[PDB]
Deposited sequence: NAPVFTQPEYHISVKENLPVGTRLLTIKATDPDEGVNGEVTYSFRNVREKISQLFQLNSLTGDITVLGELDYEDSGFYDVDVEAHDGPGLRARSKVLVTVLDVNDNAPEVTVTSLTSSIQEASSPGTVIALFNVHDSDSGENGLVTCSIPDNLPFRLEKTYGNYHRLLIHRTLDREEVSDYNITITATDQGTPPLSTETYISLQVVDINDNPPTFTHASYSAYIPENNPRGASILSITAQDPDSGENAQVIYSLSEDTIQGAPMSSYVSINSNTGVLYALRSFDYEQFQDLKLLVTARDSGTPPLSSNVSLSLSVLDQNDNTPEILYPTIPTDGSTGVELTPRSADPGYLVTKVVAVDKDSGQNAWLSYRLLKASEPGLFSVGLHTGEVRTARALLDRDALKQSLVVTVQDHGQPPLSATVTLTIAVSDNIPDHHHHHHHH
């Protein structure tokens, strides 16, 4: 009779990743009469013909083309058998393909937002993306990941549609740009990830003013100073960017000695270098109060004020004046009967400067009769040091020198003519 298969249908359950040529199964037919047995496909299917290879003699079924679960999951194959002339025996072969997580998730970004205002309202849609995975089961479910520390809340809009919203108010002065990476994680083991990142640039509002490094300033200038002298350097900082962060310096206008402030001090608008336009004579005025403003470009401008206090330092640049005596007989008198210590005269002198530069000391330089008189060091009193004698001359002359105590010191000289009275 006809041959007999060991089973009218053969089953197998294999994974889709089975290498080509791997033996799938083996079909057996036997003749019961007492040989040569043919094994051939029955109704050849083009997909089944490409995907499965069997020879007649071995009767083994091996893989000819890679099986993709995503293409087809079940195969119904018709097989028969010949003994030569006799009736062809029929038998089915059923191949169950299993799913292997061999497709990482594919993320398609539908909408996006590439810029956001600093003081913007939270809740703006940053991105609306959808993820699709070709695999099946838990190998096909997908989760969307965003860095944890970054303060935003991501939620799923509907089904596999997700939204990326702003949970925390944004401020440009913290970080400039963003490289936000959403990583798609597969649930099937081992998991397969596919990450996609989006770029962003933060809009910058002019909401911060320029701030000075010190709440108040104070500089010092010598009395005489060159034209265009470098007095100070001022610097203010603006945490913004672009036009909204440039600094421009100005000197608020006041009046000194009836003259505008622009007469003595200028500032460079770009570099806070304070320049002195004239020399500040200490005996004319000692100090001036200034106000420095710093603004930014763009609209509207945003500025700040700082209180500068400029002080001129005195310099010994004035010789003492001897107001007494001047060129009334220039001759002072002294009695012949004058006791020791008689106040003959007293030198009067002043000094335009201040402090040690206005500290006068008078000393005796030259005397017609040496031990007769005495000049008070700090009072300038010309007095008698001894009693007068008949030998002493009728007309006397002293040379007094007035010194200031500055650095370096300056002196003056005066000759006193003192007549001896009788």
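Enquirer: Write out the missing regions of the deposited sequence in sequence order, one range per stretch.
Expert: Going by the record, the segments left unmodelled (no C-alpha atoms) fall at 35-37, 331-334, 430-441.
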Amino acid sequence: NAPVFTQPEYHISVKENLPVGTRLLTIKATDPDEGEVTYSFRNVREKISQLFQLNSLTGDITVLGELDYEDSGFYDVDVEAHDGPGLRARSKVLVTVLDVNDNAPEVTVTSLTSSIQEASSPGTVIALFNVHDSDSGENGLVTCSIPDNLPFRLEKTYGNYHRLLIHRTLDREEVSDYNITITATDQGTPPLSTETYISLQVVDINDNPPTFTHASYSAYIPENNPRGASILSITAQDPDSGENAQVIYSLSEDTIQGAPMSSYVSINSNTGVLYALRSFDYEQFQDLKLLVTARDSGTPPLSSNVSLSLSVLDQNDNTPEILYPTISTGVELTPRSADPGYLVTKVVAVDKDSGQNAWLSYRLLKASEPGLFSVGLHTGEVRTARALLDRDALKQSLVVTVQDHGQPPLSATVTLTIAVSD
From here on, numbers count along this sequence of modelled residues.
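Enquirer: Would you mind comparing 12-20 and 408-416 for me and telling me which has the higher average C-alpha temperature factor in the entry?
Expert: Mean CA B-factor is higher for 12-20.
Enquirer: Would 307-315 or 127-135 have the larger average of its C-alpha temperature factors, as given in the entry?
Expert: For C-alpha atoms only, the mean B-factor is higher in 127-135.
Enquirer: Just grab whichever of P340, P325, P320, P122 has the top CA B-factor as deposited.
Expert: Answer, based on the entry's C-alpha B-factors: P122.
Enquirer: Among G242, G73, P222, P335, where is the Cα B factor highest in this entry?
Expert: Reading the PDB entry, the winner on C-alpha B-factor is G242.
Enquirer: Lowest, middle or highest third: where is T108 by C-alpha B factor in its chain?
Expert: CA B-factor rank for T108: middle third.
Enquirer: Based on the entry's values, in what third of the chain does the Cα temperature factor of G35 lie: lowest, middle or highest?
Expert: Its C-alpha B-factor, which the entry lists for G35, ranks in the highest third among residues of this chain.
Enquirer: Which third of the chain does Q284 land in by C-alpha B-factor: lowest, middle or highest?
Expert: It falls in the bottom third of the chain.
Enquirer: How does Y264 rank on Cα B-factor within its chain, lowest, middle or highest third?
Expert: As the PDB entry reports it, the C-alpha B-factor of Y264 lands in the middle third of its chain.
Enquirer: Using the temperature factors of the C-alpha atoms in this entry, rank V79 within its chain: lowest, middle or highest third.
Expert: As the PDB entry reports it, the C-alpha B-factor of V79 lands in the middle third of its chain.
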